[PDB]
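Structure at a glance
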Amino acid sequence: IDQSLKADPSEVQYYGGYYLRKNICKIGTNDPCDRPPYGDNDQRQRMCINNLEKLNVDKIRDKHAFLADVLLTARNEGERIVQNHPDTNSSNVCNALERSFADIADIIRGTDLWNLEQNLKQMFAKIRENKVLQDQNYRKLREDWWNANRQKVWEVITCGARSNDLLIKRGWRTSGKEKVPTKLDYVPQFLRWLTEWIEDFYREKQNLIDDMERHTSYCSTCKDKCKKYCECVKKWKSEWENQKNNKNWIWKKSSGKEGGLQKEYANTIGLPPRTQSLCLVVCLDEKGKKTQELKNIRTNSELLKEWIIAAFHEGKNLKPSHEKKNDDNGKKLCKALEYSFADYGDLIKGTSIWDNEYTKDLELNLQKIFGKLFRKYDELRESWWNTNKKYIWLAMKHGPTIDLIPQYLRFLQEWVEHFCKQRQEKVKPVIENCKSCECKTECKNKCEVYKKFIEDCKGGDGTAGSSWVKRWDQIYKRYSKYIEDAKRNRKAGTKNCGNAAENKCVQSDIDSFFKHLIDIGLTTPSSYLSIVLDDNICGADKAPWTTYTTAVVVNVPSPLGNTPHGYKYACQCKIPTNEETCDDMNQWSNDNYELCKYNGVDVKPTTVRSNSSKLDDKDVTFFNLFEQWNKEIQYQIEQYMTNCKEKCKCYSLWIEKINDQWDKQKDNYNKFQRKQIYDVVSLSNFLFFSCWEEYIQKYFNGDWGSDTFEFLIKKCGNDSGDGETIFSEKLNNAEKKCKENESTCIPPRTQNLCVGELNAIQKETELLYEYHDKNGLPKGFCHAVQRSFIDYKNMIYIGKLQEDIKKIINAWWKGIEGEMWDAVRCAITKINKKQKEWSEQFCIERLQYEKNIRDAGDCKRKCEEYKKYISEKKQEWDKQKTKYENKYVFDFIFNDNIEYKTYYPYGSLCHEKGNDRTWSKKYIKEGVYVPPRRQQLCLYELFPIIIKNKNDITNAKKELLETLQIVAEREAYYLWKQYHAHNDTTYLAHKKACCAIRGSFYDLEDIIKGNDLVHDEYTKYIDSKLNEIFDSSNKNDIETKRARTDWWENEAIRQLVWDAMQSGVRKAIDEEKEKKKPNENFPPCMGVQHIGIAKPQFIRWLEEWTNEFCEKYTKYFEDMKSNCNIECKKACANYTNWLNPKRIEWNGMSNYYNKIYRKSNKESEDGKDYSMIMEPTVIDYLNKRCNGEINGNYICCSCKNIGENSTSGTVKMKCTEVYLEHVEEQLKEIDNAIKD
């Protein structure tokens, strides 16, 4: 069967993967194919076949690897024949490529006339081992296998060729004047060699007659030389032979005679009618006798004359008859002339994206003309335009301008200008005839006509068949593809001129231009249009292109909206109530349940109904919804307790919404308790547990004293069941928050104070100023008197005075404190007339110690004293950090690891990656959660390196790189030592290990690239110092971030760090002898050195979140299914207590995605580009990513259920009864067995 011969190298996971799918353009036998110009051996048989020459058939995975090897030996010859075939006529480069393809056919099928054949024979023999002898050395097997994979190898040999070709898929002209267009390989190879030879020798004869023109000596030496070889090649005959109409926007592909787009640009941008109606050289009918415009042209002057006269006729065709009285006519005619000039320029240059009946013909004609004119020199055509664009432009303006812009962008600008012309024409009635503040009868239809124009499925009178919205999607798709191609490329940086768009200084190609657009921050078409488009072209309404608008919700830019920006609430003149304004937040909504349903997830009918403890379908659904509601709202209140009048108004409406939602839920739970207990706990005992389990779900992870048990009493319950007042108190606090906002080890000095009696506290502030004095104040004077205030107010060997003052005797103390503040201010004035703290002291002392160390010659003395000082202060900090981190619930300087004391006595060091960490949003600089892998990155050894390089940059690019290598190696080693453990002796273990190591490497790269989203106290200081390392104190955007990116990308470092990662995992593999496991080789998922670009951190964290969520969901679901008495209560409680935080994280990251889904540097709140993200909803994004199997390089997540994350986050029946039994048990525990 044919399907038993067709192969796809994208199938083979790895070689000796998911990269040869749609990206075969750049692709067992480890030997590279190397062996070059065309026609050089005339003094064709020798070709790039070296890869197959050393074919090691032993290490081969079916025929797919063989096809990959053939694809490699075809690509490495196509890319080596495209750039080494001198003809200046792509119709012959095409021929060379097709003849190489035909020679690959012959090599594979064994028909090659001239060690290769043995390897191919054995390969086909082992393929036959895989339909056994149903398709001699397997001649017919070879023929059938070729005829099965004939198309793939052709589209791989034709890749990399210039987007403008003549007979190759990248520009197959029909020449009538998805398949292989040549079908040449079926010709016998002797005939193909004879044709190749005659083409070569006669193109060389043409080159000879050009260089040696017919019109002083040796006027026929080369002619007789060529004739001598023409007689000497007689063996081809008697020797070797015997041995054997107002146009509309097309938007569609070029279907033969009709106009439209060229392929790879079809349905990407529409052709303006002017673009299609452009007068051209061929369309230039001058006189009835066509001879003048026919025949051919001789010199550059004739070509320039044709282009000048065509431009003049275009300008004549581009001016209106009466110009409508020349009032409107003005800048519009000049703009149209500019676009025509640009189109002329890009079609002379040959980088046009539109096609036509005559465009393909004239482009080949221009290639031929430019070849025959500039014989003694692609770049010639662009230079000729850049030199001769002045004359044609001035001819155009008689019927230059900066037009070094990609034709895609100009087409986008013209299409959007037309769209805004129509928009303004149909928005103006709304602006004047209607009004925001005829009240309901005129504005209604004046906005409904606008809606009919906008949501028109036929795309009004601009786009030809799809809605403006759908066509804008095709715009964003193509623009983001351009941006991605510009990002991946490396040879596209600005040219040496010895940011304003420059001609040559700023690099000069499409890729160079898009790299410049990335540099200035325009990575999305909306921002680019907000730049190029002039102000007020879409209406008297200020609807920006960067601000977007909304059973399907479409999120599209403001101009492509159903209603004008601002009139969205005056379309029907609806009440401008603060309610709909506050939407610019919550997500919820008598023997009935007033169910507060999450928008989308409604009531879920339980199907598995068995013997129940009076728990009905509706009761279980309500309990599920209540648990979700009081896990989400109880968190939103604390997350929202932390133009402002509008914010407080919206916030008051928000707290009212939560108040009446809770009022609904109170009655709902009362009904639930009644219907449960009449024939169970209450809100007082549920919300209590719902808080307590937090401490059990965060630091205890599953179930089973002094500074935490009291914290739990003060957090919720107050030693009893008071769930009602736990939540009401925080409701009141949140309610008053914005109203109040709008209303707007002991230190030594504690030893001695102003208690001389045992100027009351006034002599202390004088002696303290005297001590600190040895803006009219020394450094940190206010802090000392502040702590003196704290000590004095806490007061009202030391115990005697507090006891005596207590025997003397708190609003009186408050009055004293106020009078004391007044007296201290008076004391400050009197002094002017005559004219934690331990951390601060330790930091200033350590800075002094660093100065002392750098001031050195007896360096061991000061370093030893520094080390013993740290050792002495360790006891003080041991009792210091806990009391301000355990009571409330830097690290390297007092890291207690032994290996720290071994390697690093200067206050690697990595260790096993504990799996106890969870997802938290801390140190981000909103709504993004840090994965534990990022939280556990090693940066310990980067800290002393940074400290040592104070006021030193010589070692900044030298020592820090070595530290980067060391830390990356240790990170990879420890990740592998913990992820291979996850599944001992399993393939998927090392796959997930590779995924995590790649993620860690990407996060390490982004610590040194742009702004690491996470500002962890290690990376915070690291970036705070290495933005000054690469700084000259000029700027903070181009001086620092661009230089840092150039350091990471172009320096003798990305590859070094990845090689450190590989070396770490190799060390892990070699140290797996105690695991008694095969340490033969390292998994080839780390084999790849170049691993691809890094997508933005939020997207990678989204992928990691999806992977972890789906793996833990499968684990917990299987646990709870296998167990469904203590065996199943644990599974159910674990599932719910893991699902609710994941639902909150899902909602937060979904909101963040919704506000960054297609934004950019100029649009998103952070200066990070998210243009490559292209899906409307996070579910839609993960549906096409987290579906297949993990490969370890590109895919980092696999999931069983993909399109119901929103429903899975809220929901299977008996789980409620076991959860209530668990609640009652944990209650009889925490309320009686721990009470005190």
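Residues numbered from 1 in each chain as written, not as in the entry; some residues may be left out. Heavy atoms only, no water. Residues with missing side-chain atoms left out of burial classes, pairs and counts.

As summarised from the PDB record, the model derives from cryo-EM at a stated resolution of 3.4 Å.

**A closer look at the overall build of the protein**
Our working definition: Working definition: helices are DSSP H or I runs of at least four residues, strands are E runs of at least two. Numbering for both runs from the N terminus.
A tally of regular secondary structure across the protein gives 45 helices and 4 strands. For the protein, the spread of C-alpha atoms along the three principal axes comes to 130 × 85 × 85 Å.

**Notes on the pattern of salt bridges**
Formally: By definition here, a salt bridge exists when the distance from a side-chain nitrogen of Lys or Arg to a carboxyl oxygen of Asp or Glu is within 4 Å. Throughout, exposure labels follow a simple rule: accessible area from a 1.4 Å probe, protein chains only, divided by the maximum for the residue type, with under 20% read as buried, over 50% as exposed, and the rest as partly exposed.
Here the structure, examined in full by the defined rule, presents 44 salt bridges. Among the salt bridges present, the one from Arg375 reaches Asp210, with a minimum N-O distance of 3.3 Å. Take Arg375: its relative accessible area is 27%, and that puts it in the partly exposed class. On the accessibility criterion, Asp210 (36% relative accessible area) is partly exposed. In this structure, the salt-bridge partner of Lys730 is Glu638, at a minimum N-O distance of 2.5 Å. With relative accessibility at 10%, the residue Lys730 sits in the buried group. The exposure class assigned to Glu638 is partly exposed, which follows from its relative accessible area of 39%. Each member of the salt-bridge network shares a partner with another, and the members are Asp87, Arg99, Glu199, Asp200, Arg203 and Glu204.

**Examining the side chain of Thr1136**
As a reminder, the rule being used: The definition of a polar contact used here is a pair of N or O atoms within 3.5 Å, where within protein one atom must be able to donate a hydrogen and the other to accept one, and adjacent residues in sequence count solely through side-chain atom pairs. Contact definition: two residues touch when any of their heavy atoms are within 4.5 Å.
You can see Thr1136 is positioned in helix α42 (residues 1126-1154). Within polar-contact distance, the side chain of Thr1136 engages the backbone oxygen of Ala1133 at 3.1 Å. In this structure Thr1136 touches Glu627 and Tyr1219, once residues within four positions along its chain are discounted.

**Here we look at helix α3 (residues 90-109)**
Just so we agree on the cut-off: Each residue after the first adds 1.5 Å to the expected span of a helix.
Taking 1.5 Å of rise per residue, 20 residues should cover 28 Å, and α3 covers 28 Å from first to last C-alpha, within 8% of that figure. Taken across its 20 residues, α3 has 19 buried, putting it largely inside the fold. Following α3 by one or two positions, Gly110 adopts a phi angle in the positive range, close to 75°.

**Focus: the state of the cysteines**
Rule in force here: Note on terminology: disulfide denotes any pair of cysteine sulfur atoms within 2.5 Å.
Under the counting rule described, the total for this entry stands at 7 disulfides. Disulfide pairing places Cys420 opposite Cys538 at an S-S distance of 2.0 Å. Linking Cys420 and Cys538, the disulfide has an S-S dihedral of approximately 80° and is accordingly described as right-handed. Like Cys538, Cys420 is buried.

**Considering a negative patch on the surface**
We apply this condition: A patch consists of residues whose relative accessible area exceeds 30% and which take part in no salt bridge; residues with like charges are grouped when within 9 Å of each other, and nonpolar side chains (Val, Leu, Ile, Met, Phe, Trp, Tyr) when within 5 Å. Note that accessible areas follow from Shrake-Rupley with a 1.4 Å probe, and for residues the cover is restricted to the protein chains shown. For the charge count, each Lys or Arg is scored as positive and each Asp or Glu as negative, with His and the chain ends excluded. One atom stands in for each charge, and that atom is NZ of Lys, CZ of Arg, CG of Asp or CD of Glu.
Negative charge collects at one region of the surface, where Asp8, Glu11, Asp62 and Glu129 lie side by side. Since its relative accessible area comes to 58%, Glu129 is described here as exposed.

**Comments concerning the environment of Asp135**
With respect to the element layout, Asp135 can be found in the loop between α4 (116-129) and α5 (139-148). A residue is classified by how much of its surface remains accessible, and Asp135, at 29% relative accessible area, is partly exposed.

**Here we look at the packing of aromatic side chains**
Each aromatic ring pair is specified by the distance between its two centres and by the angle formed by the two planes. How we decide: Side-chain rings of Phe, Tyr and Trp (the six-membered ring for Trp) are treated as a pair once their centres are within 6.5 Å; stacked means planes under 30 degrees apart, edge-to-face means over 60, and tilted covers the remaining angles. Our definition puts a charge over a ring when NZ of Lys or CZ of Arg is within 6 Å of the ring centre and also within 35 degrees of the ring normal.
Taken as a whole and judged by the stated rule, the model has 83 aromatic pairs. Their ring planes at 35° and their centres at 5.2 Å tell us that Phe66 and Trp145 sit as a pair that is tilted. The exposure class of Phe66 is buried, given its relative accessible area of 0%. Ring centres of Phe124 and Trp145 lie 5.9 Å apart, and the angle between their planes is 85°; this geometry places the pair in the edge-to-face category. Across the pair, exposure class does not vary: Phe124 and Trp145 are buried alike. Over the ring of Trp114 we find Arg46; its NZ or CZ atom is 4.3 Å from the centre of that ring.

**Some details on the packing of helix α13 (residues 331-349) against helix α16 (residues 407-432)**
We apply this condition: Between N-to-C directions, angles span 0 to 180 degrees; the directions come from axes that are lines fitted to C-alpha atoms, helices contributing only their stretch in contact. Should an angle lie under 35 degrees it is considered roughly parallel, over 145 roughly antiparallel, and from 65 to 115 roughly perpendicular; all remaining angles are considered oblique. For any helix crossing, the convention is left-handed if the near helix is rotated counterclockwise from the far helix by under a right angle, and right-handed if that rotation is clockwise. Under the scheme applied, nonpolar residues are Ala, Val, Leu, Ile, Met, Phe, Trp, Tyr, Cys and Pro; charged residues are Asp, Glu, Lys and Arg; polar residues are all the others, including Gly.
Between α13 and α16, whose axes approach to 11 Å, the crossing angle comes to 155°. In terms of their interaxial angle, α13 and α16 are classed as roughly antiparallel. Where α13 crosses over α16, the two elements pack in a sense that is left-handed. Residue-level inspection shows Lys335, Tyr339, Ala342, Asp343 and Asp346 of α13 in contact with α16, the latter providing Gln407, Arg410, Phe411, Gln413, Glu414 and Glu417. Its residues assigned to classes, the contact of α13 with α16 comprises 3 nonpolar, 2 polar and 6 charged.

**Things to note about the environment of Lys1077**
You can see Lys1077 is positioned in the loop between α40 (1054-1070) and α41 (1097-1123). Look at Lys1077 and you get partly exposed, because its relative accessible area is 25%. Once you skip the residues sitting within four places of it in the chain, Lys1077 turns out to touch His980, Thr985 and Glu1072.

**As for a nonpolar patch on the surface**
On the surface, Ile677, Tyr678 and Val680 cluster together into a nonpolar patch covering about 370 Å² of accessible area. Locating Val680 in the fold gives a position in the loop between α23 (644-677) and α24 (683-698). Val680 gets classed as partly exposed once you look at its relative accessible area, which sits at 41%.

**Here's the deal with the nonpolar core**
Applicable threshold: Throughout this description, the term nonpolar core refers to a set of buried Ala, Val, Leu, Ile, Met, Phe, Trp, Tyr and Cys residues connected via side-chain atoms within 4.5 Å.
Grouped together as the largest cluster of nonpolar side chains are 70 residues, with contacts concentrated most on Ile269, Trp307, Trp384, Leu412, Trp415, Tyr479 and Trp545. Here the element with the most residues in this core is α16; it accounts for 9 residues. Residues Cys910, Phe943, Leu961 and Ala1060 belong to the second largest nonpolar core, which totals 52 residues.

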